[PDB]
Number of protein chains: 2
Amino acid sequence: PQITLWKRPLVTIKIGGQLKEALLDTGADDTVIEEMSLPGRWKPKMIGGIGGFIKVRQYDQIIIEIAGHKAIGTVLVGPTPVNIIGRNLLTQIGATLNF
Amino acid sequence: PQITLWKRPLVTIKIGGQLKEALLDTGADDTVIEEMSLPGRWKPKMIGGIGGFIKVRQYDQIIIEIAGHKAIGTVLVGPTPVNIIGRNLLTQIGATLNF
Ligand SMILES: CC(C)CN(C[C@@H](O)[C@H](Cc1ccccc1)NC(=O)O[C@H]1C[C@@H]2C[C@H]3[C@H](OC[C@H]31)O2)S(=O)(=O)c1ccc2nc(NC3CC3)sc2c1
Ligand SMILES: [Cl-]
Ligand SMILES: [Cl-]
Ligand SMILES: [Cl-]
Ligand code: NA
């Protein structure tokens, strides 16, 4: 698909058996999801955004389905105001910015 | 161009006759630049994201070149960690997301 940018580029994802709405975010290195449980090992991380830093849990090797496309990668879980799909997963679904 | 996302989508912008680096950011509604001088009057705004928010100065109808493409629109100036080109200007340069 081609997604215009007149509105936020929101998509449905499936993660951890749950459906969520998330923003396709070329400005995000990593994927950051609101509080939820995920299986397996995690480690803490601090990540900076516009308003300073938040503490997150880093889960590696998490499968995800983004607007129907599967991939796998690291997911950060914590108190983000928006669920964001970052470049680490956008690459895997073949997303590009075109102009 | 077609910009893949294996690295950050950094481009050169020109604003006030000077070149700066900025992130093409589909997750940003608005364009936010580090402290600089711009002409005219400004209005107040707050913009929030990961970590919380920053207070910025809103300048309207500013001439800005993004990756060689000419735009004229709103620029927010304040203590952002990174210069961000948001959807207000990405739509002026004709950018879409594609996969
Ligand atoms: C979080 C999203 C939803 C909004 N932001 C754009 C976003 O692309 C921001 C842009 C950004 C990049 C880096 C530092 C600060 C901001 N990305 C972001 O925080 O991603 C984090 C993810 C993790 C941790 C790190 C690493 O990569 C960067 C960073 O991986 S924002 O906070 O920078 C921003 C920008 C413009 C803007 N305009 C607004 N307009 C107001 C609503 C009417 S609100 C707003 C918020
Ligand atoms: Cl990853
Ligand atoms: Cl590729
Ligand atoms: Cl604008
Ligand atoms: Na894991």
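Start at 1 and go down the list; that is how both ligands and their atoms are numbered. Keep in mind that the numbers below use all heavy atoms, side chains included, and drop hydrogens, waters and symmetry copies. Proteins come first, then strands; the chains are lettered A, B, ... in the order of their sequence lines, and each starts at number 1.
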Open item on the list: So which atom in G27(B) and which in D25(B) form the shortest heavy-atom distance, rounded to 0.1 Å?
Closed with: N-OD1, 2.9 Å
TODO: Locate the shortest heavy-atom distance separating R87(B) from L5(A); write the atom from each residue and the value.
DONE: NH1-O, 2.9 Å
Open item on the list: Does atom CZ (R8(A)) have a neighbourhood of more than 12 heavy atoms from anything else shown, all under 6.0 Å?
Closed with: no
Please write down residue, atom name and distance for the protein heavy atom closest to [atom].
atom	answer
atom 2 (C) of ligand 1	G27(B) O, 3.7 Å
atom 35 (C) of ligand 1	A28(B) CB, 3.5 Å
atom 19 (O) of ligand 1	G49(A) CA, 3.7 Å
atom 34 (C) of ligand 1	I50(A) CD1, 4.0 Å
atom 6 (C) of ligand 1	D25(B) OD2, 3.2 Å
atom 42 (C) of ligand 1	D29(B) OD2, 3.3 Å
atom 25 (C) of ligand 1	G48(A) O, 3.4 Å
atom 30 (O) of ligand 1	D30(A) N, 3.2 Å

Given 3.5 Å as the limit, does a donor-acceptor pair link the side chain of [X] with the main chain of [Y], or not?
X	Y	result
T26(B)	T26(A)	yes
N83(A)	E21(A)	yes
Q92(B)	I72(B)	yes

Open item on the list: Under a 3.5 Å threshold, yes or no: a donor from one side chain and an acceptor from the other, between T31(A) and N88(A)?
Closed with: yes
- [ ] Measure distances from the Na ion (ligand 5) and count the protein N, O or S atoms below 3.0 Å.
- [x] 1
Open item on the list: Need the ligand 1 atom indices (1-based, order shown) with element for anything under 4.0 Å from a heavy-atom of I47(A).
Closed with: 24 (C)
TODO: Under 4.0 Å from a heavy atom of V82(B): give me the atoms of ligand 1 that qualify, with their elements.
DONE: 13 (C), 14 (C)
- [ ] Could you tell me whether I84(B) approaches ligand 1 through its side chain, its backbone, both or neither, with non-hydrogen atoms closer than 4.0 Å?
- [x] side chain
Task: Location of contacts on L23(A) toward ligand 1, heavy atoms closer than 4.0 Å - done: side chain
